[PDB]
Protein chains: 2
Amino acid sequence: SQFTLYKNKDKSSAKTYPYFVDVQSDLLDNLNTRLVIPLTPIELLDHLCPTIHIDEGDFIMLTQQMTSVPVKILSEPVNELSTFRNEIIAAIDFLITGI
Amino acid sequence: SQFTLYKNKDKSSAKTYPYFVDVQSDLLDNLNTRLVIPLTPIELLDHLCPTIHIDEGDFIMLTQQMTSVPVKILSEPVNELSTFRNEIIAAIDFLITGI
């Protein structure tokens with residue numbers, strides 16, 4: 001479901017982007033891809049990028065690294081970020097439409 | 001500039017996605033990446049996906065395949081799609097917020 005948080009199992013990227021949030025509308029679930037945004041631990045990053053506080057840790061959502069992935073790579077739905085939907089949607093809006 | 005159309009030179013994908021449109025706000029040009037959406041020739045595809053009519057041909061914009069790429073890979077600005085901005089933005093809105 002949109003806003004579900006998946007554990008990233010890609011070997012090259014998991015250590016930088018441990019989780020991906022699905023941001024694609026559930027109306028489009030027929031597609032074989034999902035638009036996702038990676039989260040990075042806040043300690044790693046030394047408006048556009050919401051800070052997310054969840055059982056898994058404190059993260060920054062790297063909206064600018066949003067990308068389409070195959071639905072097949074999404075696994076282990078550790079959490080979901082729907083209560084933060086307003087901030088997430090606003091960040092995507094900012095990436096595309098600015099101020 | 002946002003809405004500029006670049007010729008895709010990636011060897012694996014150029015034949016399916018000959019052009020990419022930069023859809024990222026120019027406010028964020030400081031970033032080393034750009035959100036882009038690929039175009040595919042209309043003949044290849046047998047609301048969410050605007051049809052685009054330009055000197056280069058008739059294309060479908062595959063909004064669901066939007067992805068972040070390094071600014072370094074964008075070259076050869078054959079065209080720009082700003083007159084179609086409303087339809088492009090609406091398609092992205094649909095991918096994220098549905099109806």
# chains A, B, ... in the order shown; residues from 1 in each chain; ligands from 1
$ closest_atom_pairs --of "chain A" --to "chain B" --cutoff "9 Å" --atoms "only C-alpha atoms" --output "JSON lines"
{"residue": "A:2", "atom": "CA", "partner": "B:96", "partner_atom": "CA", "distance": 8.8}
{"residue": "A:23", "atom": "CA", "partner": "B:96", "partner_atom": "CA", "distance": 6.4}
{"residue": "A:24", "atom": "CA", "partner": "B:96", "partner_atom": "CA", "distance": 4.9}
{"residue": "A:25", "atom": "CA", "partner": "B:96", "partner_atom": "CA", "distance": 4.8}
{"residue": "A:26", "atom": "CA", "partner": "B:98", "partner_atom": "CA", "distance": 7.6}
{"residue": "A:27", "atom": "CA", "partner": "B:98", "partner_atom": "CA", "distance": 6.1}
{"residue": "A:28", "atom": "CA", "partner": "B:95", "partner_atom": "CA", "distance": 7.1}
{"residue": "A:31", "atom": "CA", "partner": "B:64", "partner_atom": "CA", "distance": 8.3}
{"residue": "A:33", "atom": "CA", "partner": "B:64", "partner_atom": "CA", "distance": 7.3}
{"residue": "A:34", "atom": "CA", "partner": "B:64", "partner_atom": "CA", "distance": 7.6}
{"residue": "A:35", "atom": "CA", "partner": "B:64", "partner_atom": "CA", "distance": 7.1}
{"residue": "A:64", "atom": "CA", "partner": "B:68", "partner_atom": "CA", "distance": 6.8}
{"residue": "A:65", "atom": "CA", "partner": "B:68", "partner_atom": "CA", "distance": 5.4}
{"residue": "A:66", "atom": "CA", "partner": "B:68", "partner_atom": "CA", "distance": 6.0}
{"residue": "A:67", "atom": "CA", "partner": "B:67", "partner_atom": "CA", "distance": 4.1}
{"residue": "A:68", "atom": "CA", "partner": "B:65", "partner_atom": "CA", "distance": 5.4}
{"residue": "A:69", "atom": "CA", "partner": "B:65", "partner_atom": "CA", "distance": 8.2}
{"residue": "A:89", "atom": "CA", "partner": "B:96", "partner_atom": "CA", "distance": 8.0}
{"residue": "A:93", "atom": "CA", "partner": "B:93", "partner_atom": "CA", "distance": 8.6}
{"residue": "A:94", "atom": "CA", "partner": "B:25", "partner_atom": "CA", "distance": 7.6}
{"residue": "A:95", "atom": "CA", "partner": "B:25", "partner_atom": "CA", "distance": 5.8}
{"residue": "A:96", "atom": "CA", "partner": "B:25", "partner_atom": "CA", "distance": 4.8}
{"residue": "A:97", "atom": "CA", "partner": "B:25", "partner_atom": "CA", "distance": 5.5}
{"residue": "A:98", "atom": "CA", "partner": "B:25", "partner_atom": "CA", "distance": 5.5}
{"residue": "A:99", "atom": "CA", "partner": "B:27", "partner_atom": "CA", "distance": 8.1}
$ write_last_selection --atoms "C-alpha atoms" --output "mmCIF file, in the first residue's frame"
data_model
loop_
_atom_site.group_PDB
_atom_site.id
_atom_site.type_symbol
_atom_site.label_atom_id
_atom_site.label_comp_id
_atom_site.auth_asym_id
_atom_site.auth_seq_id
_atom_site.Cartn_x
_atom_site.Cartn_y
_atom_site.Cartn_z
ATOM 1 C CA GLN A 2 1.176 3.547 -0.653
ATOM 2 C CA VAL A 23 4.862 6.698 -2.650
ATOM 3 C CA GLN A 24 2.786 5.581 -5.592
ATOM 4 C CA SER A 25 -1.011 5.866 -5.571
ATOM 5 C CA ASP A 26 -2.736 2.549 -4.910
ATOM 6 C CA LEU A 27 -4.913 3.250 -7.947
ATOM 7 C CA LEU A 28 -1.899 2.334 -10.041
ATOM 8 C CA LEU A 31 1.660 -1.476 -12.790
ATOM 9 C CA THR A 33 6.727 -0.825 -10.952
ATOM 10 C CA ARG A 34 6.425 1.429 -7.883
ATOM 11 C CA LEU A 35 7.782 4.955 -7.368
ATOM 12 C CA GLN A 64 15.507 13.901 -4.826
ATOM 13 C CA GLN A 65 16.609 10.268 -5.166
ATOM 14 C CA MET A 66 13.027 9.113 -5.889
ATOM 15 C CA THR A 67 12.994 6.381 -8.517
ATOM 16 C CA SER A 68 10.768 3.736 -10.149
ATOM 17 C CA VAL A 69 11.603 0.134 -9.151
ATOM 18 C CA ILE A 89 3.568 14.719 -0.543
ATOM 19 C CA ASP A 93 5.551 18.831 -4.650
ATOM 20 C CA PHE A 94 8.576 20.982 -3.767
ATOM 21 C CA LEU A 95 10.917 18.882 -5.903
ATOM 22 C CA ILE A 96 8.679 19.442 -8.935
ATOM 23 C CA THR A 97 7.031 22.822 -8.434
ATOM 24 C CA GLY A 98 9.421 24.589 -6.051
ATOM 25 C CA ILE A 99 7.933 27.571 -4.247
#
$ select_by_dssp --residues "chain A" --states "strand (DSSP E)" --output "compact mmCIF listing (two decimals) with N, CA and C atoms, in the first residue's frame"
# COMPACT_ATOMS: atom_id res chain seq x y z
N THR A 4 3.90 2.39 2.52
CA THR A 4 4.55 1.26 3.20
C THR A 4 6.06 1.40 3.10
N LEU A 5 6.75 1.04 4.19
CA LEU A 5 8.20 1.10 4.26
C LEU A 5 8.82 -0.30 4.12
N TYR A 6 9.67 -0.46 3.11
CA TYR A 6 10.29 -1.75 2.81
C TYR A 6 11.76 -1.75 3.15
N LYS A 7 12.27 -2.91 3.55
CA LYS A 7 13.68 -2.99 3.89
C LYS A 7 14.45 -3.23 2.61
N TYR A 19 16.06 1.63 3.83
CA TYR A 19 14.61 1.46 3.63
C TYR A 19 14.13 2.31 2.45
N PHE A 20 13.06 1.86 1.80
CA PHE A 20 12.43 2.60 0.71
C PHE A 20 10.97 2.79 1.11
N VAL A 21 10.39 3.96 0.87
CA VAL A 21 8.94 4.13 1.06
C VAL A 21 8.25 4.15 -0.29
N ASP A 22 7.21 3.33 -0.44
CA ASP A 22 6.39 3.35 -1.65
C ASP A 22 5.54 4.61 -1.62
N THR A 33 5.73 -1.65 -11.63
CA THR A 33 6.73 -0.82 -10.95
C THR A 33 6.08 0.02 -9.85
N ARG A 34 6.90 0.47 -8.89
CA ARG A 34 6.42 1.43 -7.88
C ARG A 34 7.41 2.58 -7.77
N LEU A 35 6.92 3.81 -7.69
CA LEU A 35 7.78 4.96 -7.37
C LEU A 35 8.12 4.86 -5.88
N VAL A 36 9.42 4.86 -5.53
CA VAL A 36 9.82 4.82 -4.11
C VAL A 36 10.81 5.93 -3.78
N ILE A 37 10.92 6.24 -2.49
CA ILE A 37 11.92 7.22 -2.05
C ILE A 37 12.76 6.59 -0.96
N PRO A 38 14.10 6.69 -1.07
CA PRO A 38 14.93 6.07 -0.03
C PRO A 38 15.03 6.90 1.25
N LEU A 39 15.18 6.21 2.37
CA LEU A 39 15.51 6.86 3.63
C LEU A 39 16.97 6.60 3.95
N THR A 40 17.65 7.61 4.51
CA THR A 40 19.04 7.43 4.96
C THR A 40 19.15 7.80 6.46
N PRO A 41 19.97 7.08 7.23
CA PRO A 41 20.07 7.45 8.65
C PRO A 41 20.46 8.90 8.80
N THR A 51 12.29 14.75 7.86
CA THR A 51 12.93 13.85 8.82
C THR A 51 11.86 12.91 9.34
N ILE A 52 12.18 11.62 9.45
CA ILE A 52 11.19 10.60 9.75
C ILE A 52 11.64 9.92 11.01
N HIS A 53 10.73 9.83 11.99
CA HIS A 53 11.06 9.22 13.27
C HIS A 53 10.20 7.99 13.49
N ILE A 54 10.83 6.82 13.48
CA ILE A 54 10.11 5.54 13.54
C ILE A 54 10.92 4.51 14.33
N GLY A 57 14.49 3.92 13.45
CA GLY A 57 15.48 4.95 13.69
C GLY A 57 15.03 6.32 13.23
N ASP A 58 15.96 7.26 13.25
CA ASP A 58 15.69 8.60 12.76
C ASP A 58 16.33 8.72 11.38
N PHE A 59 15.55 9.13 10.38
CA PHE A 59 15.99 9.10 8.99
C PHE A 59 15.71 10.39 8.29
N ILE A 60 16.41 10.62 7.19
CA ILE A 60 16.07 11.70 6.28
C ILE A 60 15.51 11.06 5.02
N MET A 61 14.37 11.57 4.53
CA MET A 61 13.82 11.07 3.27
C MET A 61 14.44 11.83 2.12
N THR A 67 12.78 7.13 -7.29
CA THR A 67 12.99 6.38 -8.52
C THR A 67 11.94 5.28 -8.63
N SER A 68 11.69 4.84 -9.87
CA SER A 68 10.77 3.74 -10.15
C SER A 68 11.54 2.42 -10.01
N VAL A 69 10.98 1.46 -9.28
CA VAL A 69 11.60 0.13 -9.15
C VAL A 69 10.59 -0.96 -9.45
N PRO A 70 11.07 -2.18 -9.75
CA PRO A 70 10.11 -3.27 -9.97
C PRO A 70 9.42 -3.66 -8.67
N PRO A 77 7.83 -5.43 4.96
CA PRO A 77 7.14 -4.16 5.20
C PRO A 77 7.22 -3.84 6.68
N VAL A 78 8.39 -3.39 7.11
CA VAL A 78 8.62 -3.16 8.53
C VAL A 78 7.73 -2.07 9.13
N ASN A 79 7.26 -1.14 8.31
CA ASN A 79 6.52 -0.03 8.85
C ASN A 79 5.72 0.63 7.73
N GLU A 80 5.05 1.73 8.06
CA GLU A 80 4.34 2.50 7.03
C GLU A 80 4.26 3.93 7.54
$ select_by_dssp --residues "stretch 32-92 of chain B" --states "helix (DSSP H, G or I)" --output "list in words"
residues 42, 43, 44, 63, 64, 65, 71, 72, 73, 82, 83, 84, 85, 86, 87, 88, 89, 90, 91 and 92 of chain B
$ atom_distance --atom1 "atom CA of residue B:85" --atom2 "atom CA of residue A:3"
26.6 Å
$ atom_distance --atom1 "atom CA of residue A:17" --atom2 "atom CA of residue A:29"
23.6 Å
$ atom_distance --atom1 "atom CA of residue B:50" --atom2 "atom CA of residue B:91"
7.1 Å
